[PDB]
Every structure is written in structure tokens, then in C-alpha cells.
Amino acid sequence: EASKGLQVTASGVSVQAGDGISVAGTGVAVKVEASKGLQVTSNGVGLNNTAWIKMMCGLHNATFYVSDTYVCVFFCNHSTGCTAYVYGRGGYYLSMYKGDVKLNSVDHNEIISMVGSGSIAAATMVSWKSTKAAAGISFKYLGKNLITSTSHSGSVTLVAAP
């Protein structure tokens, strides 16, 4: 007869799926939970290409984020507003100029930066004294780079942490 891991029903003998496992006519497979950073293909189980977002939200204890080709931002609500930790992507960094980082269309307050040559400075922590991060709120920013004078003007919306 059948015992551990197998079961008998009207359909005959089958493999009984437990936690992390799917059983179908396509075989016994690993089941990955959506939004927890893994994928599974015919090559096997692995990290997906956005697992790093969950990691950075954990790092900063952020509850909302944005990510596009040129910047990502991890927002923490505290006191009367929000402070976010910024990482450049694709070669870009985030401008620290007065009008260049808006949350819910509100201009930022204090920024902490890293420093380049001349007047170059890259925003790494950005705060809004009286504006909160929330899902669906707009984030409008200007990114810059060190090769050309091109400014990247992006408008995206906040997403809840995974």
C-alpha cells in the first residue's frame, strides 16, 4: 500500500502536496509565494530579478518604495512626514536641487548627500517634513549623471513594500 508522501483517492495513488510543493499532471513542483522574491522555471528555483527590492525595504524598514530605470527610493514615515533612502541606478544619481525631488507634488526639505567635484552632489537621504508616503502617491524627480549634462525627469508612483 501507500504511506508517507503518497495518498489514495478516487483517482488512484498520487503524491500529496505539503508546504512549498505543488502536485499536478506536470509533476511535483516547488511552489513559490508571490511577492517573496523567488521564481521557479524548468531550470529550478532561484531569486527573481526584483528580490533586491524586498531586501532594501528590509534594510531600511521602509513601508513604501519606487523603482525605475534611473533611481530607487525607500520611504519611511516618521514624526509628521517622511524620510527616504535613495539609490541611483543605471549610472544616474538623484539631484539635490530645491525643486528636484517632489512627493505628492510637495518639495523636499532637508537632504543628506554625497559630494562630487565642483558643485556636484548626489542626494542619499531626502525628507519631507509634513508629507507622508502612501501607495499611489506621486514621486517626481530629476536624475543627473557624470558623463553628460542630460537630466532625467521621471514621474512615478509609490508602491507598498513587498
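In case it trips you up, residue 1 is the first one in the sequence shown, and so on.
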For this session: Take the C-alpha B-factors listed in the entry for 113-121 and for 36-44, compute each mean, and give the stretch with the larger one.
Result: 113-121
Problem set entry | Comparing 52-60 with 133-141, the one whose average Cα B-factor in the PDB entry is higher | 133-141
Problem set entry | Among modelled residues of the same chain, the CA temperature factor third for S22 | lowest
Problem set entry | Among modelled residues of the same chain, the CA temperature factor third for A10 | highest
For this session: Among all modelled residues of this chain, ranked by Cα B factor, put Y97 in the bottom, middle or top third, i.e. lowest, middle or highest.
Result: highest
